[PDB]
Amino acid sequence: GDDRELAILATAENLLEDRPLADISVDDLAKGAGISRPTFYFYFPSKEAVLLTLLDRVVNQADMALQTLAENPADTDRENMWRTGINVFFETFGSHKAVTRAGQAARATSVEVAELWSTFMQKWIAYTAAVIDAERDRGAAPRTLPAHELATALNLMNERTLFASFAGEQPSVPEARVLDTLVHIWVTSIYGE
């Protein structure tokens, strides 16, 4: 039942390793999931809906892990706290690079994909701003830029910079260096005067 649906999802993520979504057919997903093309359409209206589902699970996985961190503050310094949070996105999306890559491409053509990314980026930025505000209230960070504007730029930096690393774009920061790179920029811009 839902086992056929997981098969479609797994086939799509596996196939997106080798070719873009345009080079994947609904017949390709059916064959890989051991079903017919009509049966596929019972589970998903299109191949784009398959990718939307895959991206939704990856994004919610990252959101939920961030939630877990929030409820369980790690006993460590401020730089490592920021590192642990940025690392949620590094590990979650870096463990699903094919879905991440195809998800960013689909933003240009899928209203749902664009709304999904926008909704969660708005959420993660608001949470970033609230932490920055808490730190300022504590006297731990100076009151420089508006916290929400600072948080917006730092989150967009991570989105673009992580994506470039995962895809091996030129230019990009090497994937083994990108976490330390982003943490440095977050910590200096949040706490610096």
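What we label the rigid core is the largest C-alpha set whose atoms superpose within 1.5 Å from one form to the other. Residue positions are given as counts along the sequence shown, with the first one as 1.
Figure out for me whether 76-84 or 91-99 is the more displaced stretch in 9 other deposited structures of this protein, taking RMS C-alpha distance from the shown form once the rigid core is superposed.
It is 76-84 that deviates more in 9 other deposited structures of this protein.
Greater root mean square CA deviation, 148-156 compared with 66-74 in 9 other deposited structures of this protein, core aligned:
Farther from the shown form on average in 9 other deposited structures of this protein: 66-74.
Tell me which stretch has the larger mean Cα B-factor in this entry, 71-79 or 85-93.
Between 71-79 and 85-93, it is 71-79.
Higher mean Cα B-factor in the deposited model: 45-53 or 142-150?
Per the PDB entry, the higher value belongs to 45-53.
Could you check 58, 26, 125, 156 and tell me which one carries the biggest Cα B-factor in the deposited entry?
Most elevated C-alpha B-factor of the set, per the entry: 26.
From the list 62, 162, 132, 33, select the residue with the highest C-alpha B factor recorded in the entry.
Across 62, 162, 132, 33, the entry lists the biggest C-alpha B-factor for 33.
Assigned third (lowest, middle, highest) for the C-alpha B factor of residue 171
CA B-factor rank for residue 171: middle third.
Ranking every modelled residue in this chain by its Cα temperature factor as given in the entry, which third contains residue 180?
Bottom third by C-alpha B-factor.
Using the B-factor values recorded in the entry, state whether the Cα atom of residue 6 falls in the lowest, middle or highest third among the modelled residues of its chain.
According to the entry, residue 6 has a C-alpha B-factor in the chain's highest third.
According to the PDB entry, is the CA B factor of residue 121 in the bottom, middle or top third of its chain, that is, lowest, middle or highest?
It belongs to the lowest third of the chain when residues are ordered by C-alpha B-factor.
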